[PDB]
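Asks: Here it is: the structure, laid out below.
Numbers and lists here come from the model and the stated rules, or from a named source; none is laboratory data. Ideal geometry is used to build each Cβ from the backbone, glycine not excepted, and the neighbour counts take in all protein chains shown.
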Amino acid sequence: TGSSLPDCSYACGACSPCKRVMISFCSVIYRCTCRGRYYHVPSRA
Amino acid sequence: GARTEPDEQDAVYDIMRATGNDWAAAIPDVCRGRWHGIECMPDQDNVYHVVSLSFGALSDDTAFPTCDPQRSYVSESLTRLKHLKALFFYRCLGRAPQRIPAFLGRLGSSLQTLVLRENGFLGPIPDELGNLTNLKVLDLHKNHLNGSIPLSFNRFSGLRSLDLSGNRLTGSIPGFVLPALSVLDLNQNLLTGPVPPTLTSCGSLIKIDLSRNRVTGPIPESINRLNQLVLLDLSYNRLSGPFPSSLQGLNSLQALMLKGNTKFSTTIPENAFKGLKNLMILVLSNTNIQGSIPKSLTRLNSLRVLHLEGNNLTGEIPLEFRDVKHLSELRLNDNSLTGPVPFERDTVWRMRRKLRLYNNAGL
Amino acid sequence: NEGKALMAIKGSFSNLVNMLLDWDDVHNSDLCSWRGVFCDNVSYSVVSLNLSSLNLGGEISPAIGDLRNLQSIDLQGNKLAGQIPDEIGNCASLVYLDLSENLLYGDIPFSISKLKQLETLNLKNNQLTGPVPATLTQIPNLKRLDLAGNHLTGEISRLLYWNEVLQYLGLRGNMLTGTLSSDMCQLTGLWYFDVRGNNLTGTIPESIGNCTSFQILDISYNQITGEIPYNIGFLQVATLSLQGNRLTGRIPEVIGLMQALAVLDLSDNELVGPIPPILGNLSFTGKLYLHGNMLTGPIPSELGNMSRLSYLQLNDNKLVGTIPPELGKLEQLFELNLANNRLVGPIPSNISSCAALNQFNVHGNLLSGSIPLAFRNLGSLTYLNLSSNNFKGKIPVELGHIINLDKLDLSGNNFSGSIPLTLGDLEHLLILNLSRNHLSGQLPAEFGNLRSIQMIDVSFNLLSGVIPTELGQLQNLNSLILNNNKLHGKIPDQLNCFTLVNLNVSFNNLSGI
């Protein structure tokens, strides 16, 4: 079935400008930030 | 162009308000504006249903919505998520440390994972938690529950993981015959009685941790039947009796610790630990063990750690400990061993303090 | 009482009082003012210790077991030798243990299991010998476990995967054997699976589609045989890394649906068959490393629908046919590496549209035609490699206007005419290998202005004339190979190039000494 981009529109719950963010450790994860700190967003199969 | 089911959406609204997160109300549709901890699955009619509901925060990423420590509660509205497959609460409290709600029963067929970890929950375990026949993973670790463990728990024909650690649970260990059960963790409880026989009928078991309880009686003879068992941890209990005739069937067993069973007072038979290639950790310290250091502990290939301290072992150290350079921790301290020690210099230099021999009178 | 144990700790740290100059109990009594030690303002016992990155280089004295209220211990970098002391397992308040970046050997101790409050076990980059004990399952709050950089043995017992709180599994760089268990996906809150660099045999578990908690899956460099399962298309990972193994069969078409991916790595594997064109809807992935395989067939033109791509590496396969012009669409492309294939035809002029192109490498194909002129527009290019191809025509003059070029390699093709003088103002150039060609005429003296140059190989050509005198200005040139040409005159006496360690004028027609 696959996977989809985070669509991090609503996942912060405070500070509405909720964005996606690039994280590297050359291994990259998606994070979600607004103002301070970062979040997630999910789905399953 | 898919839209969610309305009563499940209102159930999500009430649940989210109840936990303290009013922000989920502005949402124009719960299953398209997904936050971490809510999952949805559409059925054949392009209609989303809610499948996972999780709080609070183990950290930031994974950051589920936390709950109000001074205000939150568990809404009855959970009963309206007809497809809720997993429910997760971690370090989410309530206004007043409450009980485990009984209405968690009413979603029996769908729910396959119920985690209520470190919530400060008070009081006994609702019996109707058994009506969740289809449960695969049950976790109530580190609550404040007391009273019995419901018998309704043998209604989990398909359970996989059961973790009840950190409670005041009283009574005896369940008479479970749960074929699929893998990890059974009842440690740090007040459960008494003996190790029930039914247990060894659950062949699938790999972790059995009953530490820091008050379980009594000897250890089952038929514990060979647990031929998948990886780890067996029975420390700080009231166990007694004679060592089982054989544990040979217990291949893949990697770690066994009977530490702190002060009334054990039995010797270790030569043939007890013969065919244990995979055995790694053996803690038998502070168990009033009598007798002489058996030498079939030398032929344990994978043995890394052997604790026998604070016992009443007697005699010489067997010469065949010269034939052992694999161990990384060997505690024979605080016994009454007589003969002077036969350890080589390779071993003594490498081990250093990790070899304990003090408080033996005869050496 | 507590300073006693702190002074046994300091007692076992090599022999330097310069670093812990602070710990002096006769002229600095309060121990909560000492360096790296912290006491919580209430009970006023030491709760946090941070000696991170100082090189005290002794042992961890067992007196660390006598600071009971320690909830943080960070001893990284200090080059501590010896074993992890056992007494460290009776600071039951401990939450966070960083011993990473040291020379510790011995085992992971049993006493670690006593620390039922611990959250972060960071033993990274040490020398620990022995297995990952099953008893690390008996820490209910452990969230970050990383033993990366050790010499750990034994398999990964599936018990380790039955864990509901674990966030970070770091196992990279040990010698772990065995299989990937199909219970691996019972770490339901893990976001980082890292088992790279071990010796794990066995196939990928077909039941890996249930691992939706994972942000990163790294099983690369592990000798894993078998196929890549269909259910890998259910993974929610953003970094999918399966490199370096022995994975046979073809690239799962279902990977075309894993749109969340940000780094896709199948390289250095024995994968066969065509490149799935469905990968063209991976519109948001950053890296595609399909190199090292035996992938055959053409480059899918739909790879231009990967608009967010920045690192494309299809080199060292058996790809055939043309280079697709649609690669102009990838406006975010930094590195394009299609080397060592069988690509036929010319480089499309559209590819001059990758204003972000930084490395371009098509060495080792059957490419023909001329360098398109529009390559004047590749100003962001760092590294240009067209070696061992059938390129013809002339070297474009405008090629000298790609200013950030520091490695130019045109060797192995049939270029004609004389060398462009604009090649001289490639101020940042370091390697210039134009050899095995048909370059003619004068050796452009503007090579005196290649200030940072290191290696000039214009050998094996029809280059006539004299050797420029300005080459004495190159105070960085350590290899000057002018071999097999047609030059004459005497060698300039200016070759003042104290950097030269390798000259090769030969098979020429010089006149002198």
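Asks: Which residue pairs have Cβ atoms under 8 Å apart, sit 6 or more places apart or on different chains, and have a first residue in segment B:315-328 that is more than 14 Å from chain C (Cβ to nearest Cβ) and a second that is surrounded by fewer than 16 Cβ atoms within 10 Å (Cβ to Cβ) and in a helix (DSSP H, G or I)?
Replies: If the second residue must be surrounded by fewer than 16 Cβ atoms within 10 Å (Cβ to Cβ) and in a helix (DSSP H, G or I), the pairs left are B:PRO318/B:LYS295; B:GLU320/B:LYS295.
Asks: Looking at C:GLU253, C:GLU331, can you tell me which residue is of a type in the set (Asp, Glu), surrounded by fewer than 18 Cβ atoms within 10 Å (Cβ to Cβ) and under 28 Å from A:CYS32 (Cα atoms)?
Replies: C:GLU331
Asks: Taking the residues in segment B:297-313 that are of a type outside the set (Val, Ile, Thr) and under 15 Å from B:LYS325 (Cα atoms) as candidates, determine which candidate is surrounded by the fewest Cβ atoms within 10 Å (Cβ to Cβ).
Replies: Top of the filtered list is B:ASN301.
Asks: Check B:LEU284, B:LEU250, B:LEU256, B:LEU279 and return the single one that is within 14 Å of another protein chain (Cβ to nearest Cβ), over 24 Å from B:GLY203 (Cα atoms) and of a type outside the set (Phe, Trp, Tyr).
Replies: Checking each option against the conditions leaves just B:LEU284.
Asks: I need a count of the residues in segment B:218-247 that are surrounded by 18 or more Cβ atoms within 10 Å (Cβ to Cβ) and within 14 Å of chain C (Cβ to nearest Cβ).
Replies: Qualifying residue count for the region: 9.
Asks: If you scan segment A:10-26, which residues turn out to be surrounded by fewer than 18 Cβ atoms within 10 Å (Cβ to Cβ) and assigned to a loop (DSSP other than H, G, I, E, B)?
Replies: A:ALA14, A:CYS15, A:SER16, A:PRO17, A:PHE25, A:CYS26
Asks: Something else now. Which condition breaks for B:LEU84 when tested against (1) farther than 26 Å from B:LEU181 by Cα; (2) touching a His at 6+ places or on another chain (Cβ under 9 Å)?
Replies: (1)
Asks: Return the residue satisfying two criteria in turn: it lies in segment B:328-363 and is in a helix (DSSP H, G or I) and among the charged types (D, E, K, R), and of such residues it is surrounded by the fewest Cβ atoms within 10 Å (Cβ to Cβ).
Replies: Per the criteria, the residue is B:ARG345.
Asks: For segment B:162-217, which residues satisfy the criterion of being more than 11 Å from chain C (Cβ to nearest Cβ), charged (D, E, K, R) and under 19 Å from B:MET257 (Cβ atoms)?
Replies: B:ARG214, the sole residue that qualifies.
Asks: Next question. So which residues in segment B:87-126 are within 14 Å of chain C (Cβ to nearest Cβ), under 19 Å from B:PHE156 (Cβ atoms) and crowded, with 20+ Cβ neighbours inside 10 Å, if there are any at all?
Replies: B:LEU87, B:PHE88, B:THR113, B:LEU114, B:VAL115, B:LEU116, B:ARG117
Asks: Is there a residue in segment C:102-118 that is over 18 Å from C:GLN76 (Cβ atoms), outside any loop (DSSP other than H, G, I, E, B) and more than 13 Å from chain B (Cβ to nearest Cβ)?
Replies: no
Asks: Do we have C:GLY130 as small (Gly, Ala, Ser), touching a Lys or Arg at 6+ places or on another chain (Cβ under 8 Å), assigned by TED's automatic domain parsing to the domain that holds C:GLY77 and under 18 Å from C:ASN198 (Cα atoms) here?
Replies: Spelling it out, C:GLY130 is indeed small (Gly, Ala, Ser), touching a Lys or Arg at 6+ places or on another chain (Cβ under 8 Å), assigned by TED's automatic domain parsing to the domain that holds C:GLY77 and under 18 Å from C:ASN198 (Cα atoms).
Listed here are the residues, each with its yes/no results for (1) within 25 Å of the chain's Cα centre (by Cα); (2) part of a loop (DSSP other than H, G, I, E, B); (3) of a type in the set (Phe, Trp, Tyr).
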| site | (1), (2), (3) |
| --- | --- |
| B:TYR73 | no, yes, yes |
| B:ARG95 | no, yes, no |
| B:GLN98 | yes, yes, no |
| B:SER110 | yes, yes, no |
| B:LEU116 | yes, no, no |
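Asks: Next up: How many residues are under 17 Å from C:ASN433 (Cβ atoms) and part of a loop (DSSP other than H, G, I, E, B) when one looks only at segment C:397-408?
Replies: Looking only at that region, the number is 3.
Asks: Against the definition (within 20 Å of the chain's Cα centre (by Cα), within 14 Å of chain A (Cβ to nearest Cβ) and of a type in the set (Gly, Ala, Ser)), how does C:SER241 come out, yes or no?
Replies: yes
Yes/no per residue for (1) among the aliphatic types (A, V, I, L, M); (2) touching a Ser or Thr at 6+ places or on another chain (Cβ under 6 Å); (3) under 26 Å from B:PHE273 (Cβ atoms):
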residue	(1), (2), (3)
B:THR170	no, no, no
B:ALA180	yes, yes, no
B:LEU184	yes, no, yes
B:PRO220	no, yes, yes
B:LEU226	yes, yes, yes
B:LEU232	yes, no, yes
B:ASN237	no, no, yes
B:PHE243	no, yes, yes
B:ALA255	yes, yes, yes
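Asks: Just for segment C:174-225: of the residues that are in a loop (DSSP other than H, G, I, E, B), closer than 21 Å to A:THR1 by Cα and within 11 Å of chain A (Cβ to nearest Cβ), which one is farthest from the chain's Cα centre (by Cα)?
Replies: It comes out as C:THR188.
Asks: Select from segment C:151-173 the residues that are assigned to a loop (DSSP other than H, G, I, E, B) and charged (D, E, K, R) and list them in ascending order.
Replies: C:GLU155, C:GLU164, C:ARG172
Asks: Does any residue of segment C:312-319 turn out to be of a type in the set (D, E, K, R), over 30 Å from C:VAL272 (Cβ atoms) and out of contact with any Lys or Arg (no Cβ under 9 Å at 6 or more places or on another chain)?
Replies: no
Asks: Also, I was wondering about something else. Go through segment C:403-432 and give me each residue that's under 18 Å from C:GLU335 (Cα atoms) and surrounded by fewer than 21 Cβ atoms within 10 Å (Cβ to Cβ).
Replies: Within segment C:403-432, C:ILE403, C:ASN404, C:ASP406, C:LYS407, C:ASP409 meet the criteria.
A quick yes/no check of all residues on (1) surrounded by fewer than 18 Cβ atoms within 10 Å (Cβ to Cβ); (2) under 25 Å from C:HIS151 (Cα atoms); (3) in contact with a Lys or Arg (Cβ under 7 Å, 6 or more places away or on another chain):
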site: C:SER45; (1), (2), (3): yes, no, no
site: C:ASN50; (1), (2), (3): yes, no, no
site: C:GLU59; (1), (2), (3): no, yes, no
site: C:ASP66; (1), (2), (3): no, no, no
site: C:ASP74; (1), (2), (3): no, yes, no
site: C:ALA81; (1), (2), (3): yes, yes, no
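Asks: Scan the strands (runs of 3 or more DSSP E) fully inside segment B:174-245 and keep the ones with 1 or more residues being within 28 Å of B:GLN290 (Cα to Cα).
Replies: In segment B:174-245, the matching strands (runs of 3 or more DSSP E) lie at B:207-209, B:231-233.
Asks: Pick from segment A:1-41 the residues that are under 25 Å from C:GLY209 (Cα atoms) and touching a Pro at 6+ places or on another chain (Cβ under 7 Å): which of them is farthest from the other protein chains (Cβ to nearest Cβ)?
Replies: Ranking the candidates gives A:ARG20 first.
Asks: Looking at segment B:279-287, can you tell me whether even one residue there is among the polar types (S, T, N, Q), surrounded by fewer than 22 Cβ atoms within 10 Å (Cβ to Cβ) and over 18 Å from B:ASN237 (Cα atoms)?
Replies: No, the conditions are met nowhere in segment B:279-287.
Asks: Which of the residues belonging to segment B:19-46 are away from chain A (no Cβ under 14 Å) and touching a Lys or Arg at 6+ places or on another chain (Cβ under 9 Å)?
Replies: Hit for segment B:19-46 is B:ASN46, nothing else.
Asks: While we're here: For segment C:329-387, which strands (runs of 3 or more DSSP E) that fit wholly inside it have 1 or more residues that are under 21 Å from C:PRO274 (Cβ atoms)?
Replies: Per the criteria, C:335-337.
Asks: Among the residues of segment C:359-376, write down those that are over 24 Å from the mean Cα position of the chain (by Cα) and surrounded by fewer than 19 Cβ atoms within 10 Å (Cβ to Cβ).
Replies: Across segment C:359-376, the qualifying residues are C:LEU366, C:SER368, C:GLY369, C:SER370, C:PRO372, C:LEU373, C:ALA374, C:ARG376.
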